[PDB]
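Chemist: My structure is below; once you've seen it, I'll send some questions.
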Amino acid sequence: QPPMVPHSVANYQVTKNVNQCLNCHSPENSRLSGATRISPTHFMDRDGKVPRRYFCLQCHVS
Ligand code: HEC
Ligand code: HEC
């Protein structure tokens with residue numbers, strides 16, 4: 001299983017044009033927020049070529 005989310009997810013929307021999880025977990029915000037960056041596994045295509053893993057709460061549970 002993917003790691004559980006150790007914090008609440010109640011305030012964060014994820015829809016076609018909005019992904020509030022990335023305000024902290026994106027590559028550009030991870031250092032500043034303390035949140036672990038989403039890894040290249042979340043960006044790669046089917047063959048490994050380098051997010052495609054976008055709808056975060058389909059996989060991660062809080
Ligand atoms: C900043 C205000 C955050 C927002 C927005 C989201 N997350 Fe977060 N998350 C944050 C911190 C400071 C941490 C703890 C440090 C760490 O990264 O461990 C986390 C942790 C997670 C994890 C655990 C990663 C791990 O260490 O194995 C997951 C899977 C995670 N967060 C997911 C997640 C999702 C799906 C969000 C939106 C619904 C989300 N986070 C928002 C800070 C912040
Ligand atoms: C299922 C297809 C997933 C979706 C959608 C997202 N994540 Fe994920 N995440 C998944 C797995 C199986 C793992 C384990 C290790 C791996 O990288 O493959 C993870 C891990 C994370 C972590 C830890 C650091 C990392 O390994 O990338 C974080 C912080 C995390 N996931 C965050 C996260 C966010 C914010 C997502 C939406 C933008 C997201 N994941 C989607 C599986 C899946």
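Residues in the structure tokens are named by chain (A, B, ... in the order shown) and by number from 1 within that chain; ligands are numbered from 1 in the order shown.
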All residues within 10 Å of ligand 2 are required, counting only C-alpha atoms and all ligand atoms; please report them as a VMD selection string.
Modeler: chain A and resid 1 to 5 14 19 to 26 30 35 to 43 51 to 60
Chemist: Would you mind telling me which residue in A:18, A:9, A:32, A:44 lies nearest to ligand 1 when using only C-alpha atoms and all ligand atoms?
Modeler: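 Distance minimum relative to ligand 1 lands on A:9.
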Chemist: Between CA of residue 31 in chain A and CA of residue 6 in chain A, what distance in Å does the model show, to one decimal?
Modeler: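 Computing it gives 17.9 Å between the two atoms.
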Chemist: From the set A:17, A:27, A:61, A:47, which residue has the shortest atom-to-atom contact distance to ligand 1, counting only C-alpha atoms and all ligand atoms?
Modeler: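 Looking at the shortest contact to ligand 1, the residue is A:61.
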Chemist: By how many Å are atom 28 (C, counted along the ligand's line) of ligand 1 and CA of residue 13 in chain A apart?
Modeler: 14.7 Å
Chemist: Would you list, as JSON, numbers by chain, the residues of range 2-61 of chain A that end up in strand (DSSP E or B) under DSSP run on this structure's backbone?
Modeler: {"A": [14, 15, 18, 19]}
Chemist: Run DSSP on the backbone and grab whatever in range 13-48 of chain A lands in helix (DSSP H, G or I); send it over as a list in words.
Modeler: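 Result set for range 13-48 of chain A (helix (DSSP H, G or I)): residues 22, 23, 24, 25, 30, 31, 32, 33, 40, 41 and 42 of chain A.
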Chemist: How would the residues just picked look written out with C-alpha atoms as an mmCIF file, in the first residue's frame?
Modeler:
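New file out.cif:
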```cif
data_model
loop_
_atom_site.group_PDB
_atom_site.id
_atom_site.type_symbol
_atom_site.label_atom_id
_atom_site.label_comp_id
_atom_site.auth_asym_id
_atom_site.auth_seq_id
_atom_site.Cartn_x
_atom_site.Cartn_y
_atom_site.Cartn_z
ATOM 1 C CA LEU A 22 0.604 20.020 -4.543
ATOM 2 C CA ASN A 23 0.736 23.340 -2.670
ATOM 3 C CA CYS A 24 3.079 21.441 -0.297
ATOM 4 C CA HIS A 25 4.114 18.173 -2.031
ATOM 5 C CA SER A 30 8.553 20.557 -0.710
ATOM 6 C CA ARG A 31 11.593 22.190 0.900
ATOM 7 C CA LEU A 32 9.651 25.182 2.112
ATOM 8 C CA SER A 33 6.672 23.223 3.506
ATOM 9 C CA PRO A 40 9.338 10.515 -10.189
ATOM 10 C CA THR A 41 7.035 7.446 -9.932
ATOM 11 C CA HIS A 42 4.132 10.022 -9.802
#
```
Chemist: May I ask which of the residues A:8, A:45, A:62, A:34 is the closest one to ligand 1, counting only C-alpha atoms and all ligand atoms?
Modeler: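 The answer is A:34, which sits nearest to ligand 1.
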Chemist: For the atom pair CA of residue 50 in chain A and atom 9 (N, counted along the ligand's line) of ligand 1, what is the interatomic distance in Å to one decimal place?
Modeler: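 Atom-to-atom, CA of residue 50 in chain A and atom 9 (N, counted along the ligand's line) of ligand 1 are spaced 23.3 Å apart.
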